[PDB]
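Examination of the molecular architecture
Given next are the chains, with one letter for each unit.
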Amino acid sequence: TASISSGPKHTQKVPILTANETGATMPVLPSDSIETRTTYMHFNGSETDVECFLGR
Amino acid sequence: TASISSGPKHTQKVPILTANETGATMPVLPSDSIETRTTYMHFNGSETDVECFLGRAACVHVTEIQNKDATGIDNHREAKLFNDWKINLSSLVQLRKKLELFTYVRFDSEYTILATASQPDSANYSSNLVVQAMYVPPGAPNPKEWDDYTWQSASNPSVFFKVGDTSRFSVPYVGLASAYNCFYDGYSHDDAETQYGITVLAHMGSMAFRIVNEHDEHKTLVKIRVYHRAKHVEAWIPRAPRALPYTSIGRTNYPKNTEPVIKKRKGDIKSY
Amino acid sequence: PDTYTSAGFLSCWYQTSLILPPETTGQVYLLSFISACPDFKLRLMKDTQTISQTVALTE
Amino acid sequence: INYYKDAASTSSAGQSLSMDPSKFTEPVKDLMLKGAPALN
Amino acid sequence: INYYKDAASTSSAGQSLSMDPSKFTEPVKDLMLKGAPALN
Amino acid sequence: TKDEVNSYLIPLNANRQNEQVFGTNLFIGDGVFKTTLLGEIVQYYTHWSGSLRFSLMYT
Amino acid sequence: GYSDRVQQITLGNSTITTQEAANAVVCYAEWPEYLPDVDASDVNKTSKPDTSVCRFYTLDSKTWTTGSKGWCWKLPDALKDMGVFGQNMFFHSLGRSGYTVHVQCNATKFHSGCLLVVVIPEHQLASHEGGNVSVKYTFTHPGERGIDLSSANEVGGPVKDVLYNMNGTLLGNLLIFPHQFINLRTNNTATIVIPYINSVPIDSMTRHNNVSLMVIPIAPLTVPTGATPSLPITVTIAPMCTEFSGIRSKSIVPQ
Amino acid sequence: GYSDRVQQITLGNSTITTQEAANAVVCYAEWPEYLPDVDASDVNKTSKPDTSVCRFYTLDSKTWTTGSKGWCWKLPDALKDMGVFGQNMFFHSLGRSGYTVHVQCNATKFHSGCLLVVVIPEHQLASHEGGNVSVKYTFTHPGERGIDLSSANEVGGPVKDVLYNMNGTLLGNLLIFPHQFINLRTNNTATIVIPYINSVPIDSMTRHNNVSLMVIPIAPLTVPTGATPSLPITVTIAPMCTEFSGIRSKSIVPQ
């Protein structure tokens, strides 16, 4: 599976401008606004499962 | 698989002359310089594997708590009504010298906790106490009294066992980086007075102990011994073994006016 | 909060400046939100400093 | 191996590995595409 | 047989049976052959 | 000095140039962040890693 | 006619020739390489100045005399002020690098003396005070000057006792670390290639030094009769495969 | 729903959003690119710091008032002190770069005013003295401050007369140079992409500026009634495709 590689941008397509009045949290990522390099997650989110959270 | 047979030599090819200035240790064998006969190894080097070397339980900590009437005690922590321990492997030196043969080390821990009771002054009997050991990760509320809400430990792993018995559980490698640093030549930030060497890179959690029992008429001393066994060991970059005595958890410092560590000859260089 | 492990600072400044239309006055406000990217990892559960108690509650 | 007959007696469940924040993060009626204008 | 779910809970690991001292005993850039002269 | 709806509002002044609107460190488990849902959950865990999304809505 | 003995290292816009080498050591048998994605964590694209940072900087020279105890430099500290390497260093949040170290000391066939040149990954120093006294920042960041093991104890500084490596271990066992000797009779330089060694993929270049280079006289310098009793030792070091990441405002560090 | 109007430029670790753009100009219809071998002369491998130099630097802000005559910045001068761009600049013998220039000025639908934003390749200034008086170095290297055309003549400085472009040509004809207007009623930013334009493949960054960016009020600022009579103008500029070559000691320049 955490960040893809992304480079300079000069577009008409701006993912960082939104309207929060709508009630959504738009899924913006580091790569929408800076230049990133690939990295992997190495993680599953196992210990935040509700079974785990309420299970001790 | 130890020595091959080898006979007289009169060559232009001399394996025993080398240049140590290069930094290599050339792999010279008995058969390069005497006449040998075949012999087999009969041995694998099993018990020198690092998993084996670091894999037996070592005592890492001895603490003590007491069961007594807390009535009128203004500071439970101070009365040893309960006690914490920030986990370390560098306070008792036996295991410490072993680990510091390496620079970075990675392993799961298996803890065994033995608890025995003492009744140094007149008691009718020996009571049966249950100890509670709570694992308190950094950021959790810390116990203030021996019976705080903290001990509810609703999200924090805790084990309850009886004094005289042993408790045993195993914790995965909790380091923040890829390995634990046995050494760190750095600071936590570029501060002019921040501490040197001691780092979170080594941090393994922390543990709080208490007796669950209320008090009987006599007082009971319970002494806790924590044992630690590394399992699934991985070690990188060997270093020179520790020669001088240790003075502090986490610094390399040795004591002043220490004694010569190399044994002086009783005789000459020429002596046997 | 821990030093070695610290993450930085966030600041905000006028790039040019706020300009109100005529017939208007005073301060305007920004609302600010925080949420985690899909990137995020949390591990090693423990107890929160955000809640405590001194005696058991009853009905 | 379950040693007991009733389901309540089995150990903890196993990770949902479900995970879909959109019911919480994007409950909007008309779909919003990132990059397209929020309000048209 | 593992009785437990997590990997940390398994017993000790089993012998590397890896063993390669050359990273420590011969980290030289140009390979040295035993028997050939050290410095040419 | 007492919790109020007003500590959610970052004020802006008309006509200031070059100046600073707000500042904060990023200790998500403490300080401004601490009572937010993010802050509040982060506190159930010991370690975090990942990207954060900080947005500002103008009013 | 290639000898182990003559060598040329060209790195960037700078070249070194030695006509009296004794092979070269590559720490742990690994050559410096950039940071692979599979090992990456920070999402930032990194900056690789290449030839402007990966060239040879010659630190100021030392003087070996019969009384010398040895000198110690820390990396990347020693280079904190060299050209654009240094600027990059203070300006990014994180950086990573390997190095080629070339230590030079020539004499004649009548001199004797032998230096140990060793690289110690994570050399945490000891306070000469004992107990749990710390070693202040400035003291472990001597810069190009390095630490002079025959200088006096100072307050907040490290211990400078050579038979103990500045940490409670014996000089004799430093040989377990990548090292090479300079024996006037054999050798005139020592060269070690250092791959990046850390427990994290990239780190801060100012709060943590990841190797100390140490040059220690072991067989005392002995000059021919009525020769001047000393020789200069020069250290030239080149960052290699350097990468910087998390650019910003420019760190301010003590002193 | 894409408009010519909204835009995002992400370059390095910095991003700009405009919700009121008027397209963007790319000088001479060419986009910045690196130096091809077929065009190369110096044999040195060049250094391409990439994301550490190719990000957006926002110069200090100006204040447009009813009396403003216009401002002038020179490139690469204006950036001589920005982060690692600047260091690289003083440290290499030669360098080359293109830029993205973003000029910002917002107001309200009651204001009026119109600025000309123009890029002039090789803008050789005139001495206000006439004859063959030269314009001293310092005067043509104002740095981030730029030149303020409504400041007074100084000695050894250039002339600051706007109807003459600081060189004997009329303001009206500046439109032959890549340019864009900021008309409060339309526009709130201007963006120009500048490819590297020179008669040599690479040059010195300190003895020669290759473009002047000029922002000139043409229709005077007119604020609504009882409004404050002024607006700030901000200039943000990002080097793009930068290459440095011939690294060494670090130039020392007048003043």
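Residues numbered from 1 in each chain as written, not as in the entry; some residues may be left out. Chains lettered and ligands numbered in written order. Part of a larger assembly, values for the part shown. Heavy atoms only, no water.

Its PDB header attributes the entry to X-ray crystallography and lists the resolution as 2.9 Å.

The name given to chain G in the PDB entry is RHINOVIRUS 14, with Human rhinovirus 14 as the source organism.

The PDB entry lists chain A under the name RHINOVIRUS 14, from Human rhinovirus 14.

Concerning helix 1 (residues 83–91) of chain H
Put simply, the rule reads: Working definition: with a 1.4 Å probe on protein chains only, accessible area under 20% of the residue-type maximum means buried, over 50% means exposed, and in between means partly exposed. Here a helix means four or more residues in a row that DSSP labels H or I, a strand means two or more in a row labelled E, and each is numbered from the N terminus. Note on contacts: a residue pair qualifies if any of its non-hydrogen atoms lie within 4.5 Å across the two residues.
Where burial is concerned, most of helix 1 of chain H is hidden: nine out of the nine residues are buried. For helix 1 of chain H, the full list of buried residues reads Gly83(H), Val84(H), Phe85(H), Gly86(H), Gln87(H), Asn88(H), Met89(H), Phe90(H) and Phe91(H). The inward-facing, buried residues of helix 1 of chain H abut helix 1 (83–91), strand 7 (92–104) and strand 13 (230–247) of chain G together with strand 4 (57–58), strand 7 (92–104) and strand 13 (230–247) of chain H.

Quick notes on the interface of chain G and chain B
Note the cut-off: What gets called buried area is simply the loss in accessible area from a 1.4 Å probe that two parts show on being joined, summed for both. A side-chain nitrogen of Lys or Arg and a carboxyl oxygen of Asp or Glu constitute a salt bridge if their distance falls within 4 Å. Nitrogen and oxygen atoms within 3.5 Å of one another constitute a polar contact, given that in protein one can donate a hydrogen and the other can accept it, and given that sequence-neighbouring residues count only through two side-chain atoms. Polar here means any residue other than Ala, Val, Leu, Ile, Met, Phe, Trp, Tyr, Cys and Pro, which are nonpolar, and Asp, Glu, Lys and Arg, which are charged; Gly is therefore polar.
At the interface, 53 residues of chain G touch 45 residues of chain B. Summed over both partners, the interface of chain G with chain B buries about 4,100 Å², with 54% contributed by carbon and sulfur atoms. When the area that chain G buries against chain B is broken down by residue, the three leading residues are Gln124(G), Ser199(G) and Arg207(G), summing to 18%. At the junction of chain G and chain B, the tally comes to two salt bridges. A salt bridge links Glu193(B) to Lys136(G); the nearest nitrogen and oxygen atoms lie 2.6 Å apart. Joining chain G to chain B, the criterion identifies 37 residue pairs in polar contact. Every element with two or more residues in the side of chain G that touches chain B is listed here: strand 8 (112–121) and strand 10 (179–183) of chain G. Ranked by the residues each element gives to the side of chain G that touches chain B, the list is headed by strand 10 of chain G, at four residues. In terms of residue class, the side of chain G that touches chain B is made up of 22 nonpolar, 25 polar and six charged.

Overview of the sheet that holds strand 9 (residues 147–148) of chain G
Strand pairing in a sheet relies on backbone hydrogen bonds, with the paired strands running either antiparallel or parallel. Here is the rule we go by: Strands pair, by our definition, only if DSSP identifies at least two bridges between them.
The sheet built from five strands is open, its strands ordered 9-6-12-8-10 (chain G) with antiparallel pairing. The open sheet has two free edges, formed respectively by strand 9 and strand 10 of chain G, since each of these has just one partner strand.

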